[PDB]
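Below: one structure, written as structure tokens.
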Number of protein chains: 2
Amino acid sequence: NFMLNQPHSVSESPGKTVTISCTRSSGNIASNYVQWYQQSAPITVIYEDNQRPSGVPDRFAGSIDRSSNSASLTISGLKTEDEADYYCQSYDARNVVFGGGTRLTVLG
Amino acid sequence: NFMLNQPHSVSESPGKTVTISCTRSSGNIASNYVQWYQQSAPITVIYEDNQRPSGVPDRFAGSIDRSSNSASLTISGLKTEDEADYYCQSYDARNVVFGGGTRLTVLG
């Protein structure tokens, strides 16, 4: 299978843009859909690489970078409310794979 | 105890073979298992000299050279995602030791 690796921490000031990356260790990041959860239980903020569920602010964006074999969650216009852990997730034909999660600290 | 020594930096173009070596300063390199970590927290890419954990691509290979009292991590067919800090690690009857690390840059 594979693992997904993310930094544990990222920080930024309100109004600014932050990116959390999720590197896949083996295989192609493009081969399976990537979901992002914010953490109660984790809630979905991105699914199928870049789709936002109902209610999730447009400031949350998912992307895939095949060249670095990674997925990224980019949060623009950072709000205090966005402080949370964010986990990426994908699949290896059945079994769920989870990143280690990244804490977004919002400065101020 | 001992110290482990690796060159600061290795440069190589994509698709080629890079070797990063780790020399033990005292005692037998064979006497204790060598682990390699890729760096978020270190994650194991080689353990017990030459074992790849699940998720680690076959292009990564660990080896021991008793004739140079060294351990080596060899990466065939380089990829840009492989850009990281690489550290070796072994034991000295209890306590543990890390190499200074090696930056693999992928050129072009």
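Following the order of the structure tokens, chains are lettered A, B, ..., residues in each are numbered from 1, and ligands are numbered from 1.
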
Do a neighbour search on residue B:81 at 8 Å with only C-alpha atoms, toss out local chain neighbours closer than 5 positions, and write the hits as a list in words. residues 23, 67, 68 and 69 of chain A

I'd like the superposed copy of chain A - fitted to chain B by least squares over all paired Cα atoms - as a CSV table (one decimal) with N, CA, C and O atoms, in the first residue's frame.
chain,number,residue,atom,x,y,z
A,1,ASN,N,30.9,4.8,22.9
A,1,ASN,CA,29.9,4.6,21.9
A,1,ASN,C,30.5,4.8,20.5
A,1,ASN,O,31.7,4.6,20.3
A,2,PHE,N,29.7,5.3,19.6
A,2,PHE,CA,30.1,5.7,18.2
A,2,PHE,C,29.3,6.8,17.6
A,2,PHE,O,28.3,7.3,18.2
A,3,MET,N,29.8,7.4,16.5
A,3,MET,CA,29.0,8.3,15.7
A,3,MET,C,28.8,7.7,14.3
A,3,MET,O,29.5,6.8,13.9
A,4,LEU,N,27.7,8.3,13.6
A,4,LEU,CA,27.5,7.9,12.3
A,4,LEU,C,27.6,9.2,11.4
A,4,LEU,O,26.9,10.2,11.7
A,5,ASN,N,28.5,9.1,10.4
A,5,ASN,CA,28.8,10.3,9.6
A,5,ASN,C,28.3,10.1,8.2
A,5,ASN,O,28.5,9.1,7.5
A,6,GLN,N,27.5,11.1,7.7
A,6,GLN,CA,27.0,11.1,6.3
A,6,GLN,C,27.4,12.4,5.7
A,6,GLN,O,27.6,13.4,6.4
A,7,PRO,N,27.5,12.5,4.4
A,7,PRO,CA,27.7,13.7,3.6
A,7,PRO,C,26.5,14.7,3.9
A,7,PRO,O,25.4,14.2,4.1
A,8,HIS,N,26.4,16.0,3.7
A,8,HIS,CA,25.2,16.7,4.0
A,8,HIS,C,24.5,16.7,2.7
A,8,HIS,O,23.3,16.7,2.7
A,9,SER,N,25.1,16.6,1.7
A,9,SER,CA,24.3,16.8,0.5
A,9,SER,C,24.7,15.8,-0.6
A,9,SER,O,25.9,15.4,-0.7
A,10,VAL,N,23.7,15.3,-1.3
A,10,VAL,CA,23.9,14.6,-2.5
A,10,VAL,C,22.9,15.1,-3.6
A,10,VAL,O,21.8,15.6,-3.2
A,11,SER,N,23.3,15.0,-4.9
A,11,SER,CA,22.3,15.4,-5.9
A,11,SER,C,22.4,14.5,-7.1
A,11,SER,O,23.4,13.8,-7.3
A,12,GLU,N,21.3,14.5,-7.9
A,12,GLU,CA,21.2,13.7,-9.1
A,12,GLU,C,20.0,14.1,-9.8
A,12,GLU,O,19.1,14.7,-9.3
A,13,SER,N,19.9,13.7,-11.1
A,13,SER,CA,18.8,14.0,-12.0
A,13,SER,C,17.8,12.9,-11.9
A,13,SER,O,18.1,11.8,-11.5
A,14,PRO,N,16.5,13.2,-12.2
A,14,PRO,CA,15.4,12.2,-12.2
A,14,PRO,C,15.8,11.0,-13.1
A,14,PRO,O,16.4,11.1,-14.1
A,15,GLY,N,15.4,9.8,-12.6
A,15,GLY,CA,15.7,8.5,-13.3
A,15,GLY,C,17.0,7.9,-13.0
A,15,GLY,O,17.2,6.7,-13.3
A,16,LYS,N,17.9,8.6,-12.3
A,16,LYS,CA,19.2,8.2,-12.0
A,16,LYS,C,19.3,7.5,-10.7
A,16,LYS,O,18.3,7.5,-9.9
A,17,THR,N,20.5,7.0,-10.3
A,17,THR,CA,20.7,6.3,-9.0
A,17,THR,C,21.6,7.1,-8.2
A,17,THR,O,22.6,7.6,-8.6
A,18,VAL,N,21.2,7.3,-6.9
A,18,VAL,CA,22.1,8.0,-5.9
A,18,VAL,C,22.3,7.1,-4.7
A,18,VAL,O,21.5,6.3,-4.3
A,19,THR,N,23.5,7.3,-4.0
A,19,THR,CA,23.8,6.5,-2.8
A,19,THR,C,24.2,7.5,-1.7
A,19,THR,O,25.0,8.4,-1.9
A,20,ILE,N,23.7,7.3,-0.5
A,20,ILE,CA,24.0,8.0,0.6
A,20,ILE,C,24.7,7.1,1.6
A,20,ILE,O,24.1,6.1,1.9
A,21,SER,N,25.9,7.4,2.0
A,21,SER,CA,26.6,6.4,2.9
A,21,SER,C,26.6,7.0,4.3
A,21,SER,O,26.5,8.2,4.5
A,22,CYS,N,26.8,6.0,5.3
A,22,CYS,CA,26.7,6.3,6.7
A,22,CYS,C,27.9,5.5,7.3
A,22,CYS,O,27.8,4.3,7.4
A,23,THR,N,28.9,6.2,7.7
A,23,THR,CA,30.1,5.6,8.2
A,23,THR,C,30.1,5.6,9.7
A,23,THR,O,29.8,6.6,10.3
A,24,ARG,N,30.3,4.4,10.3
A,24,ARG,CA,30.4,4.2,11.7
A,24,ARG,C,31.8,4.4,12.2
A,24,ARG,O,32.8,3.9,11.6
A,25,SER,N,32.0,5.2,13.3
A,25,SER,CA,33.3,5.6,13.7
A,25,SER,C,34.1,4.6,14.5
A,25,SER,O,35.4,4.6,14.4
A,26,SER,N,33.4,3.8,15.3
A,26,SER,CA,34.1,2.7,16.1
A,26,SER,C,33.2,1.5,16.2
A,26,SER,O,32.0,1.6,15.9
A,27,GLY,N,33.7,0.4,16.5
A,27,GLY,CA,33.0,-0.9,16.5
A,27,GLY,C,32.6,-1.3,15.1
A,27,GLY,O,33.1,-0.7,14.1
A,28,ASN,N,31.8,-2.4,15.0
A,28,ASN,CA,31.5,-2.9,13.7
A,28,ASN,C,30.1,-2.6,13.3
A,28,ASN,O,29.1,-2.7,14.0
A,29,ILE,N,29.9,-2.0,12.0
A,29,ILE,CA,28.6,-1.7,11.5
A,29,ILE,C,27.6,-2.8,11.6
A,29,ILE,O,26.4,-2.6,11.8
A,30,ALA,N,28.1,-4.1,11.4
A,30,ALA,CA,27.3,-5.3,11.5
A,30,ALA,C,26.7,-5.6,12.8
A,30,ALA,O,25.8,-6.4,12.9
A,31,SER,N,27.2,-5.0,13.9
A,31,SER,CA,26.9,-5.4,15.3
A,31,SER,C,25.5,-5.0,15.7
A,31,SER,O,24.9,-5.5,16.6
A,32,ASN,N,25.0,-3.9,15.0
A,32,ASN,CA,23.7,-3.3,15.3
A,32,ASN,C,22.9,-3.0,14.0
A,32,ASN,O,23.5,-2.6,13.0
A,33,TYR,N,21.6,-3.1,14.1
A,33,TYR,CA,20.8,-2.8,12.9
A,33,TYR,C,20.8,-1.4,12.6
A,33,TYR,O,20.9,-0.5,13.4
A,34,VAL,N,20.8,-1.1,11.3
A,34,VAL,CA,20.8,0.3,10.8
A,34,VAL,C,19.4,0.6,10.2
A,34,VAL,O,18.9,-0.2,9.4
A,35,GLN,N,18.9,1.8,10.6
A,35,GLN,CA,17.6,2.3,10.1
A,35,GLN,C,17.9,3.5,9.2
A,35,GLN,O,18.9,4.3,9.5
A,36,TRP,N,17.0,3.8,8.3
A,36,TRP,CA,17.1,5.1,7.5
A,36,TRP,C,15.8,5.8,7.6
A,36,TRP,O,14.7,5.1,7.4
A,37,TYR,N,15.8,7.1,7.9
A,37,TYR,CA,14.6,7.9,7.9
A,37,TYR,C,14.6,9.0,6.9
A,37,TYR,O,15.7,9.5,6.5
A,38,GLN,N,13.5,9.3,6.3
A,38,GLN,CA,13.3,10.4,5.4
A,38,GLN,C,12.5,11.5,6.1
A,38,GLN,O,11.5,11.2,6.8
A,39,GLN,N,12.9,12.7,5.9
A,39,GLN,CA,12.2,13.8,6.6
A,39,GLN,C,11.8,15.0,5.6
A,39,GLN,O,12.7,15.5,4.9
A,40,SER,N,7.0,17.6,9.0
A,40,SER,CA,6.7,16.5,9.8
A,40,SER,C,8.0,15.8,10.3
A,40,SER,O,9.1,16.1,9.9
A,41,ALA,N,7.8,14.9,11.2
A,41,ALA,CA,8.8,14.1,11.8
A,41,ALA,C,9.4,13.2,10.8
A,41,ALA,O,8.8,13.0,9.7
A,42,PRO,N,10.6,12.6,11.0
A,42,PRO,CA,11.2,11.6,10.1
A,42,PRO,C,10.3,10.4,10.1
A,42,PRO,O,9.7,10.1,11.1
A,43,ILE,N,10.2,9.8,8.9
A,43,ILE,CA,9.5,8.6,8.6
A,43,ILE,C,10.5,7.5,8.2
A,43,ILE,O,11.5,7.8,7.5
A,44,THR,N,10.3,6.3,8.7
A,44,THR,CA,11.1,5.2,8.4
A,44,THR,C,11.1,4.8,6.9
A,44,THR,O,10.0,4.6,6.4
A,45,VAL,N,12.2,4.7,6.2
A,45,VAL,CA,12.3,4.1,4.9
A,45,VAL,C,13.0,2.8,4.8
A,45,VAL,O,12.7,2.0,3.9
A,46,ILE,N,13.9,2.6,5.7
A,46,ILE,CA,14.6,1.3,5.9
A,46,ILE,C,14.7,1.0,7.4
A,46,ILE,O,15.0,1.9,8.1
A,47,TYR,N,14.5,-0.3,7.7
A,47,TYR,CA,14.9,-0.7,9.1
A,47,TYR,C,15.6,-2.1,9.0
A,47,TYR,O,15.5,-2.8,8.0
A,48,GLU,N,16.2,-2.4,10.1
A,48,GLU,CA,17.0,-3.7,10.2
A,48,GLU,C,17.9,-3.8,8.9
A,48,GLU,O,17.8,-4.9,8.2
A,49,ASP,N,18.6,-2.8,8.6
A,49,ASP,CA,19.6,-2.7,7.5
A,49,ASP,C,19.1,-2.6,6.1
A,49,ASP,O,19.6,-1.8,5.3
A,50,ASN,N,18.0,-3.3,5.8
A,50,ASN,CA,17.5,-3.3,4.4
A,50,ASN,C,16.0,-3.6,4.2
A,50,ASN,O,15.6,-3.9,3.1
A,51,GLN,N,15.3,-3.6,5.3
A,51,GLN,CA,13.8,-3.9,5.2
A,51,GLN,C,13.1,-2.6,4.9
A,51,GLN,O,13.2,-1.6,5.6
A,52,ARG,N,12.2,-2.7,3.9
A,52,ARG,CA,11.3,-1.5,3.6
A,52,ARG,C,10.0,-1.7,4.3
A,52,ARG,O,9.3,-2.7,4.1
A,53,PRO,N,9.5,-0.7,5.0
A,53,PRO,CA,8.1,-0.7,5.5
A,53,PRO,C,7.1,-0.7,4.4
A,53,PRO,O,7.5,-0.3,3.3
A,54,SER,N,5.9,-1.1,4.7
A,54,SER,CA,4.8,-1.0,3.8
A,54,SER,C,4.7,0.4,3.3
A,54,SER,O,4.8,1.4,4.0
A,55,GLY,N,4.5,0.5,2.0
A,55,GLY,CA,4.3,1.7,1.3
A,55,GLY,C,5.6,2.4,0.7
A,55,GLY,O,5.5,3.3,-0.1
A,56,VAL,N,6.7,2.0,1.2
A,56,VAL,CA,8.0,2.6,0.8
A,56,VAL,C,8.4,2.0,-0.6
A,56,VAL,O,8.4,0.7,-0.7
A,57,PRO,N,8.6,2.8,-1.6
A,57,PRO,CA,8.9,2.3,-2.9
A,57,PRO,C,10.1,1.4,-2.9
A,57,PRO,O,11.1,1.6,-2.2
A,58,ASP,N,10.0,0.4,-3.8
A,58,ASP,CA,11.1,-0.6,-4.0
A,58,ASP,C,12.4,0.0,-4.4
A,58,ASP,O,13.5,-0.6,-4.2
A,59,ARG,N,12.3,1.2,-5.0
A,59,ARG,CA,13.5,2.0,-5.4
A,59,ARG,C,14.5,2.3,-4.2
A,59,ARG,O,15.6,2.7,-4.5
A,60,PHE,N,14.0,2.2,-3.0
A,60,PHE,CA,14.8,2.5,-1.8
A,60,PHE,C,15.4,1.2,-1.3
A,60,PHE,O,14.7,0.2,-1.0
A,61,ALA,N,16.7,1.2,-1.2
A,61,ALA,CA,17.5,0.0,-0.8
A,61,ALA,C,18.5,0.3,0.2
A,61,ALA,O,19.4,1.2,0.0
A,62,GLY,N,18.5,-0.5,1.3
A,62,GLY,CA,19.5,-0.4,2.3
A,62,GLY,C,20.6,-1.5,2.1
A,62,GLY,O,20.2,-2.6,1.7
A,63,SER,N,21.8,-1.2,2.4
A,63,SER,CA,22.9,-2.2,2.4
A,63,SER,C,23.9,-1.9,3.5
A,63,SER,O,23.9,-0.8,4.1
A,64,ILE,N,24.7,-2.9,3.8
A,64,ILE,CA,25.8,-2.8,4.7
A,64,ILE,C,27.1,-3.2,4.1
A,64,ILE,O,27.1,-4.2,3.3
A,65,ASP,N,28.1,-2.4,4.3
A,65,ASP,CA,29.4,-2.7,3.8
A,65,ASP,C,30.4,-2.8,5.0
A,65,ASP,O,30.8,-1.8,5.5
A,66,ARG,N,30.7,-4.0,5.4
A,66,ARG,CA,31.6,-4.3,6.5
A,66,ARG,C,33.0,-3.8,6.3
A,66,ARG,O,33.7,-3.4,7.2
A,67,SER,N,33.5,-3.8,5.0
A,67,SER,CA,34.8,-3.5,4.6
A,67,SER,C,35.1,-2.0,4.9
A,67,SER,O,36.2,-1.6,5.2
A,68,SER,N,34.1,-1.1,4.7
A,68,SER,CA,34.3,0.3,4.9
A,68,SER,C,33.5,0.7,6.2
A,68,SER,O,33.4,1.9,6.5
A,69,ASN,N,33.0,-0.3,6.9
A,69,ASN,CA,32.3,-0.1,8.2
A,69,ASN,C,31.2,0.9,8.0
A,69,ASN,O,31.0,1.8,8.9
A,70,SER,N,30.4,0.8,7.0
A,70,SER,CA,29.4,1.7,6.6
A,70,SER,C,28.1,1.1,6.2
A,70,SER,O,28.0,-0.1,5.9
A,71,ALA,N,27.0,1.9,6.2
A,71,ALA,CA,25.7,1.5,5.7
A,71,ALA,C,25.4,2.5,4.6
A,71,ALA,O,25.9,3.6,4.6
A,72,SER,N,24.6,2.0,3.6
A,72,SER,CA,24.2,2.9,2.5
A,72,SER,C,22.8,2.8,2.2
A,72,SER,O,22.1,1.7,2.3
A,73,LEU,N,22.2,3.9,1.8
A,73,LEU,CA,20.8,4.0,1.3
A,73,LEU,C,21.0,4.3,-0.2
A,73,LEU,O,21.6,5.4,-0.6
A,74,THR,N,20.5,3.5,-1.1
A,74,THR,CA,20.6,3.7,-2.5
A,74,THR,C,19.2,3.9,-3.0
A,74,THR,O,18.3,3.0,-2.9
A,75,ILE,N,19.0,5.0,-3.7
A,75,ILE,CA,17.7,5.3,-4.3
A,75,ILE,C,17.9,5.2,-5.8
A,75,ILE,O,18.6,6.0,-6.4
A,76,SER,N,17.2,4.2,-6.4
A,76,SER,CA,17.3,4.0,-7.9
A,76,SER,C,16.1,4.7,-8.6
A,76,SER,O,15.1,4.9,-7.9
A,77,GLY,N,16.2,5.0,-9.8
A,77,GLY,CA,15.1,5.6,-10.5
A,77,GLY,C,14.5,6.8,-9.9
A,77,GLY,O,13.3,7.0,-9.8
A,78,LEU,N,15.4,7.6,-9.4
A,78,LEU,CA,15.2,8.9,-8.6
A,78,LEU,C,13.9,9.6,-9.1
A,78,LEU,O,13.8,9.8,-10.3
A,79,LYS,N,13.0,10.0,-8.2
A,79,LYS,CA,11.9,10.8,-8.6
A,79,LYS,C,12.0,12.1,-7.9
A,79,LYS,O,12.6,12.3,-6.8
A,80,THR,N,11.3,13.2,-8.5
A,80,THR,CA,11.4,14.5,-7.9
A,80,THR,C,11.0,14.4,-6.4
A,80,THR,O,11.6,15.1,-5.6
A,81,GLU,N,10.0,13.6,-6.1
A,81,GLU,CA,9.4,13.4,-4.8
A,81,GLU,C,10.4,13.0,-3.8
A,81,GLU,O,10.2,13.1,-2.6
A,82,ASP,N,11.5,12.4,-4.2
A,82,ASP,CA,12.5,11.9,-3.3
A,82,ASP,C,13.4,12.9,-2.6
A,82,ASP,O,14.2,12.6,-1.7
A,83,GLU,N,13.3,14.2,-3.0
A,83,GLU,CA,14.0,15.3,-2.4
A,83,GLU,C,13.6,15.4,-1.0
A,83,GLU,O,12.4,15.5,-0.7
A,84,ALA,N,14.6,15.3,-0.1
A,84,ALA,CA,14.3,15.2,1.4
A,84,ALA,C,15.6,15.0,2.1
A,84,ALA,O,16.6,14.9,1.5
A,85,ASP,N,15.6,15.2,3.4
A,85,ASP,CA,16.8,14.8,4.2
A,85,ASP,C,16.6,13.3,4.6
A,85,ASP,O,15.6,12.8,4.8
A,86,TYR,N,17.8,12.6,4.5
A,86,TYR,CA,17.8,11.2,4.9
A,86,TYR,C,18.8,11.1,6.0
A,86,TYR,O,20.0,11.5,5.9
A,87,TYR,N,18.4,10.4,7.1
A,87,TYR,CA,19.2,10.1,8.3
A,87,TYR,C,19.4,8.6,8.5
A,87,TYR,O,18.4,7.9,8.4
A,88,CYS,N,20.6,8.2,8.8
A,88,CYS,CA,20.8,6.9,9.2
A,88,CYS,C,20.8,6.8,10.8
A,88,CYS,O,21.0,7.9,11.4
A,89,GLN,N,20.6,5.7,11.3
A,89,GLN,CA,20.5,5.5,12.8
A,89,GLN,C,20.8,4.1,13.2
A,89,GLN,O,20.5,3.2,12.5
A,90,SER,N,21.6,4.0,14.3
A,90,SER,CA,21.8,2.7,14.9
A,90,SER,C,21.8,2.8,16.4
A,90,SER,O,21.3,3.8,16.9
A,91,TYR,N,22.3,1.8,17.1
A,91,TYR,CA,22.3,1.7,18.5
A,91,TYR,C,23.6,1.3,19.1
A,91,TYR,O,24.3,0.5,18.5
A,92,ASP,N,23.9,1.8,20.3
A,92,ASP,CA,25.1,1.4,21.1
A,92,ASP,C,24.5,0.8,22.4
A,92,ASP,O,24.7,1.5,23.4
A,93,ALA,N,23.8,-0.3,22.3
A,93,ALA,CA,23.3,-1.0,23.5
A,93,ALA,C,22.4,-0.1,24.3
A,93,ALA,O,22.6,0.1,25.5
A,94,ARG,N,21.3,0.4,23.7
A,94,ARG,CA,20.4,1.3,24.4
A,94,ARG,C,20.2,2.6,23.7
A,94,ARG,O,19.3,2.8,22.9
A,95,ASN,N,21.2,3.5,23.9
A,95,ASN,CA,21.2,4.9,23.3
A,95,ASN,C,21.2,4.9,21.8
A,95,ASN,O,22.1,4.3,21.2
A,96,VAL,N,20.3,5.7,21.2
A,96,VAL,CA,20.2,5.8,19.8
A,96,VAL,C,21.3,6.7,19.3
A,96,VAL,O,21.6,7.8,19.9
A,97,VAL,N,21.9,6.3,18.2
A,97,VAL,CA,22.9,7.2,17.4
A,97,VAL,C,22.3,7.6,16.1
A,97,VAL,O,21.8,6.7,15.3
A,98,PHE,N,22.4,8.8,15.8
A,98,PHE,CA,21.9,9.4,14.5
A,98,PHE,C,23.0,10.0,13.7
A,98,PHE,O,23.9,10.7,14.3
A,99,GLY,N,23.0,9.8,12.4
A,99,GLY,CA,23.9,10.6,11.5
A,99,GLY,C,23.4,12.0,11.4
A,99,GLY,O,22.3,12.4,11.9
A,100,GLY,N,24.2,12.8,10.8
A,100,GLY,CA,23.9,14.3,10.7
A,100,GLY,C,22.9,14.6,9.6
A,100,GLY,O,22.4,15.7,9.5
A,101,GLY,N,22.5,13.6,8.8
A,101,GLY,CA,21.5,13.7,7.8
A,101,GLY,C,22.1,14.3,6.5
A,101,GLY,O,23.0,15.1,6.4
A,102,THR,N,21.5,13.8,5.3
A,102,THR,CA,21.9,14.2,4.0
A,102,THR,C,20.7,14.7,3.2
A,102,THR,O,19.7,14.0,3.1
A,103,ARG,N,20.9,15.9,2.7
A,103,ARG,CA,19.9,16.4,1.8
A,103,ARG,C,20.1,15.9,0.4
A,103,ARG,O,21.1,16.1,-0.2
A,104,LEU,N,19.1,15.2,-0.1
A,104,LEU,CA,19.0,14.7,-1.5
A,104,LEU,C,18.3,15.8,-2.3
A,104,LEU,O,17.1,16.1,-2.1
A,105,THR,N,19.1,16.5,-3.2
A,105,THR,CA,18.5,17.5,-4.1
A,105,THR,C,18.3,16.7,-5.5
A,105,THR,O,19.3,16.1,-6.0
A,106,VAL,N,17.1,16.8,-6.0
A,106,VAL,CA,16.8,16.2,-7.3
A,106,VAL,C,16.8,17.3,-8.3
A,106,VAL,O,16.0,18.2,-8.3
A,107,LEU,N,17.8,17.2,-9.3
A,107,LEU,CA,18.0,18.2,-10.3
A,107,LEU,C,16.8,18.3,-11.3
A,107,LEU,O,16.0,17.4,-11.3
A,108,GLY,N,16.7,19.4,-12.0
A,108,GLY,CA,15.7,19.5,-13.1
A,108,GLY,C,14.8,20.7,-12.9
A,108,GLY,O,14.1,21.1,-13.9

Taking only chain A into account, list the residues labelled strand (DSSP E or B) by DSSP (computed from the backbone), as a compact mmCIF listing (two decimals) with N, CA and C atoms, in the first residue's frame.
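Result went into states-v6.txt, see below:
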# COMPACT_ATOMS: atom_id res chain seq x y z
N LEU A 4 0.37 8.48 3.72
CA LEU A 4 0.23 9.89 3.40
C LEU A 4 0.88 10.70 4.49
N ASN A 5 1.84 11.54 4.11
CA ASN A 5 2.58 12.33 5.08
C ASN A 5 2.27 13.82 4.98
N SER A 9 2.33 20.74 11.82
CA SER A 9 1.87 22.08 12.16
C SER A 9 2.07 23.06 11.01
N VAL A 10 1.11 23.95 10.84
CA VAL A 10 1.28 25.11 9.96
C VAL A 10 0.64 26.29 10.70
N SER A 11 1.14 27.50 10.45
CA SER A 11 0.58 28.68 11.07
C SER A 11 0.55 29.85 10.10
N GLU A 12 -0.35 30.79 10.38
CA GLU A 12 -0.54 31.98 9.56
C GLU A 12 -1.44 32.94 10.30
N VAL A 18 -2.84 29.80 3.62
CA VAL A 18 -1.99 28.73 4.08
C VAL A 18 -2.20 27.43 3.26
N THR A 19 -1.14 26.63 3.11
CA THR A 19 -1.24 25.37 2.36
C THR A 19 -0.76 24.22 3.20
N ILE A 20 -1.53 23.14 3.20
CA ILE A 20 -1.16 21.93 3.91
C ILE A 20 -0.99 20.87 2.84
N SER A 21 0.18 20.25 2.77
CA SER A 21 0.42 19.23 1.74
C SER A 21 0.35 17.85 2.32
N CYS A 22 0.08 16.89 1.45
CA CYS A 22 -0.11 15.50 1.80
C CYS A 22 0.65 14.72 0.74
N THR A 23 1.81 14.15 1.11
CA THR A 23 2.65 13.43 0.15
C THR A 23 2.32 11.95 0.22
N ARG A 24 2.09 11.34 -0.93
CA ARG A 24 1.89 9.90 -1.03
C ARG A 24 3.23 9.19 -1.25
N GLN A 35 -9.45 12.96 0.08
CA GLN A 35 -10.41 13.67 0.91
C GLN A 35 -9.63 14.43 1.97
N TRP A 36 -10.19 15.54 2.43
CA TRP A 36 -9.64 16.26 3.57
C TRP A 36 -10.69 16.41 4.63
N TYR A 37 -10.29 16.17 5.88
CA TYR A 37 -11.18 16.32 7.02
C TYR A 37 -10.64 17.35 7.97
N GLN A 38 -11.56 18.06 8.61
CA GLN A 38 -11.24 19.02 9.66
C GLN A 38 -11.76 18.45 10.97
N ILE A 43 -14.86 16.12 10.27
CA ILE A 43 -15.87 16.45 9.27
C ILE A 43 -15.18 16.68 7.93
N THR A 44 -15.86 16.28 6.85
CA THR A 44 -15.34 16.42 5.51
C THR A 44 -15.29 17.88 5.11
N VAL A 45 -14.13 18.34 4.65
CA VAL A 45 -14.06 19.66 4.02
C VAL A 45 -13.77 19.62 2.51
N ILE A 46 -13.12 18.55 2.06
CA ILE A 46 -12.90 18.28 0.64
C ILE A 46 -13.11 16.81 0.39
N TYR A 47 -13.74 16.48 -0.73
CA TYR A 47 -13.78 15.10 -1.19
C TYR A 47 -13.51 15.01 -2.68
N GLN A 51 -13.67 18.70 -4.22
CA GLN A 51 -15.10 19.04 -4.07
C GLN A 51 -15.38 19.48 -2.63
N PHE A 60 -11.79 27.15 1.20
CA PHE A 60 -11.14 25.84 1.28
C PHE A 60 -11.04 25.25 -0.11
N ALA A 61 -9.81 24.96 -0.53
CA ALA A 61 -9.56 24.42 -1.85
C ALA A 61 -8.63 23.22 -1.82
N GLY A 62 -9.06 22.16 -2.50
CA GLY A 62 -8.23 20.97 -2.68
C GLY A 62 -7.57 20.97 -4.05
N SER A 63 -6.34 20.47 -4.10
CA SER A 63 -5.63 20.35 -5.34
C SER A 63 -4.76 19.08 -5.31
N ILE A 64 -4.38 18.67 -6.48
CA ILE A 64 -3.49 17.53 -6.68
C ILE A 64 -2.26 17.98 -7.49
N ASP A 65 -1.10 17.60 -7.04
CA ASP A 65 0.14 17.87 -7.77
C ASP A 65 0.80 16.53 -8.07
N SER A 70 1.59 14.59 -4.57
CA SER A 70 1.00 15.13 -3.37
C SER A 70 -0.37 15.72 -3.63
N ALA A 71 -1.09 15.91 -2.54
CA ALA A 71 -2.36 16.62 -2.55
C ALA A 71 -2.20 17.78 -1.59
N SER A 72 -2.92 18.86 -1.83
CA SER A 72 -2.83 20.01 -0.94
C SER A 72 -4.20 20.56 -0.62
N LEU A 73 -4.33 21.03 0.63
CA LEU A 73 -5.47 21.83 1.07
C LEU A 73 -4.97 23.24 1.26
N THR A 74 -5.59 24.16 0.53
CA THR A 74 -5.21 25.56 0.61
C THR A 74 -6.37 26.34 1.21
N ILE A 75 -6.10 27.05 2.29
CA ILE A 75 -7.14 27.85 2.93
C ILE A 75 -6.78 29.31 2.73
N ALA A 84 -7.67 24.22 13.62
CA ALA A 84 -8.19 22.86 13.68
C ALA A 84 -7.10 21.93 13.20
N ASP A 85 -7.30 20.63 13.40
CA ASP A 85 -6.45 19.64 12.73
C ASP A 85 -7.06 19.32 11.38
N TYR A 86 -6.21 19.15 10.38
CA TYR A 86 -6.67 18.74 9.05
C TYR A 86 -5.94 17.48 8.66
N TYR A 87 -6.73 16.48 8.26
CA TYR A 87 -6.23 15.17 7.81
C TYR A 87 -6.54 14.95 6.34
N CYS A 88 -5.56 14.47 5.58
CA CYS A 88 -5.85 13.97 4.24
C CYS A 88 -6.11 12.47 4.31
N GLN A 89 -6.78 11.95 3.29
CA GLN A 89 -7.17 10.54 3.28
C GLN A 89 -7.30 10.08 1.85
N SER A 90 -6.84 8.86 1.57
CA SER A 90 -7.12 8.25 0.29
C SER A 90 -7.33 6.75 0.47
N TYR A 91 -7.28 5.99 -0.62
CA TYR A 91 -7.56 4.56 -0.60
C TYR A 91 -6.52 3.77 -1.37
N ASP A 92 -6.23 2.56 -0.88
CA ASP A 92 -5.43 1.58 -1.60
C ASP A 92 -6.33 0.37 -1.87
N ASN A 95 -8.85 -0.60 1.80
CA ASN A 95 -8.36 0.00 3.04
C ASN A 95 -8.08 1.49 2.98
N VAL A 96 -8.62 2.22 3.95
CA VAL A 96 -8.44 3.66 4.06
C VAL A 96 -7.03 4.00 4.56
N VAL A 97 -6.42 5.00 3.93
CA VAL A 97 -5.14 5.54 4.37
C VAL A 97 -5.33 6.98 4.84
N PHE A 98 -4.78 7.28 6.01
CA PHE A 98 -4.87 8.60 6.62
C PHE A 98 -3.50 9.20 6.85
N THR A 102 -2.46 17.73 10.43
CA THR A 102 -1.73 18.98 10.57
C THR A 102 -2.57 19.95 11.39
N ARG A 103 -1.99 20.50 12.44
CA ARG A 103 -2.66 21.55 13.19
C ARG A 103 -2.38 22.89 12.55
N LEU A 104 -3.47 23.55 12.16
CA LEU A 104 -3.44 24.91 11.68
C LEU A 104 -3.63 25.80 12.90
N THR A 105 -2.59 26.56 13.25
CA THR A 105 -2.69 27.61 14.27
C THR A 105 -2.86 28.94 13.56
N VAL A 106 -3.89 29.68 13.96
CA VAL A 106 -4.14 31.00 13.40
C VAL A 106 -3.63 32.02 14.40

Taking the backbone alone, and naming residues the way the document does, which bits of stretch 14-100 of chain B are helix (DSSP H, G or I) by DSSP, as a PyMOL selection string? chain B and resi 29-31+66-68+80-82
